[PDB]
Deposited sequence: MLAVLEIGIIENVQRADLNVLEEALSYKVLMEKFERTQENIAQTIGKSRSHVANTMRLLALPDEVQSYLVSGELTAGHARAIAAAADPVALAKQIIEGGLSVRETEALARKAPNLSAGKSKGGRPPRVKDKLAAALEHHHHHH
């Protein structure tokens, strides 16, 4: 089987009519099956390693936030900015309610976020 097949498939992920989350799952599945690094994918598609990483990180977002991405109520920039936040769904609602830019959203994330319990001695 010709090696060029893998390269063409990876190349055409970004050239196809895929939303950001469809591109993410594509890269993840291809990295796994063809056993390729974030760095290898990046060099293949002519992008940065962090771009590949940040794209796939979006798959970890709660389904409510992913729904906003698909519907276009949030952009990829908004979603990524709240990805490592305590309550991304709360922040998502604030972004849509307030009409926040990605820059304003980054500011919100900076200025926002538990006891494991056990019998008291």
Since the structure holds only modelled residues, which stretches of the deposited sequence does it leave out?
114-118, 127-143
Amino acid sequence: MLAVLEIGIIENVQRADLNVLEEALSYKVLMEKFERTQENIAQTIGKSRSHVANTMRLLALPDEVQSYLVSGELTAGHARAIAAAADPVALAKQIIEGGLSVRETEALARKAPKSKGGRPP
From here on, numbers count along this sequence of modelled residues.
Output the stretch having the higher mean C-alpha B factor in the entry; the candidates are 34-42 and 87-95.
87-95
62-70 set against 75-83, stretch whose average Cα temperature factor tops the other in the entry:
62-70
Select one of 10, 112, 20, 102: the residue whose C-alpha shows the highest B-factor in the crystal structure entry.
112
Select lowest, middle or highest to describe the third in which the CA B-factor of residue 25 falls within its chain in this entry.
lowest
